[PDB]
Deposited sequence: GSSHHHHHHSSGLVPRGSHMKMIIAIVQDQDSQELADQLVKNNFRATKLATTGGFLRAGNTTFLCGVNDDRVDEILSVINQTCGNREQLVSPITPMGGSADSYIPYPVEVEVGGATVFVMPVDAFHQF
């Protein structure tokens, strides 16, 4: 496997809005984070979103989380019902353990 002795990888599963996905992807690339992206849909709104799977060494988790925050952070937008302020953007991130990482 590719993990040095005593170190650990994590799997980041980040669910972000489609409007922020290209900017996140560009920033992950710029910071040399590898990603795989999935076109997904939310259970509540049933609208398209984007899920990123990023395998990262534990020592770069805080950095990836800051990239995701800077690009996909929650913010307000005025909309008209049927002008009110609503939350848009935002990221939901799971950090999961990885036992091994291989490249063939």
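Gaps in the model relative to the deposited sequence occur at 1-11, 94-106, listed in sequence order.
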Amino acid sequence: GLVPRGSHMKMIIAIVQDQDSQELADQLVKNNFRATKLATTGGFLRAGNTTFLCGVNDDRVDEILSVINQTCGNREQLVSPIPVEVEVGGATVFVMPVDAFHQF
From here on, numbers count along this sequence of modelled residues.
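As listed in the deposited structure, the average C-alpha B-factor of 70-78 and of 44-52 is greater for 70-78.
Look at the C-alpha B-factors of 14-22 and of 90-98. On average they run higher in 14-22.
In the deposited entry, the Cα temperature factor of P4 places it in the lowest third of its chain's modelled residues.
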